[PDB]
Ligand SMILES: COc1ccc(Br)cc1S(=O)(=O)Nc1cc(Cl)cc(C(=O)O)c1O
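Taking the form deposited without the named molecule, here's one chain by itself in structure tokens.
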């Protein structure tokens, strides 16, 4: 497989405002979406069929994340709070209060007993799932936080911000172990670990994605061609078939790169506004995508490799 062949299979309509994020469940059954319309929705991952709507937040939602057993959800909202949800019942189990401004990004750790979050108050907080109380507050940045992610065994946390920085945090201690500085520092709009945990993928608002060896502090790969200067766009590692890099773009397209050669191998067309979020299915060659206010739709593409 030197090139994939993703083609549209389903289009998922429902949200009455801009979509903010989409995520696949670990067991591979479901797709979850958050939106500016305060709502969370669940969809069939193979058939694109609507399942249910989960409500509660008093303002818009920017992000959502699955637990490892596909039974819980955490969400980050403009009401300065996070909420933990039981997917089956639709009940709100906990309401994480702490941040003093918009909560923008969230994630479970591999063990799924902890939750990390980033906020416009320029901080990162570590929460306990069962008690719902905050364990650590990290003075991470001097600008809004754009992304937070656990590594493979949950021992590390990576974060990014509009201040231009990427930082590695020890989960147990809460100490700052590393700070990534390039030749220049444009705002970092996204970051996350690699599946093997050796690398991080970082995006900056100068239309550029990069692969970093964080321990040795050097850039290994660079990916360009798309447009990204205003929005924090998600990016993924595609591992089920060919080894690609997936990301949205401000020109209403989904870009797919060959991880090694850094070549654009496929560009997906269909949306009518900025593509803000993408995700990759855990066992099948399926990609999900979502778009902003003028579009409001979610799309499911499938490939043979």
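Residue numbers count along the first chain shown, from 1.
Below: the form deposited with the named molecule bound, not depicted.
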Note which of 150, 199, 169, 127 lies within 4.5 Å of the named molecule in the deposited bound form, where distance is taken over heavy atoms; exactly one does. 199
Can you work out which of 259, 254, 279, 54 has a heavy atom no more than 4.5 Å from the named molecule in the deposited bound form? 259
Give a yes/no on whether residue 135 approaches the named molecule to within 4.5 Å in the deposited bound form, heavy atoms considered. no
Answer for residue 33 alone: is it within 4.5 Å of the named molecule in the deposited bound form, judged on heavy atom distances? no
Interface membership of residue 50, the named molecule in the deposited bound form, 4.5 Å heavy atom rule: no
Contact label in the deposited bound form: residue 217 to the named molecule, heavy atom within 4.5 Å: no
Hey, with the named molecule in the deposited bound form, do 247, 267 and 303 all fall inside the 4.5 Å heavy atom range? no
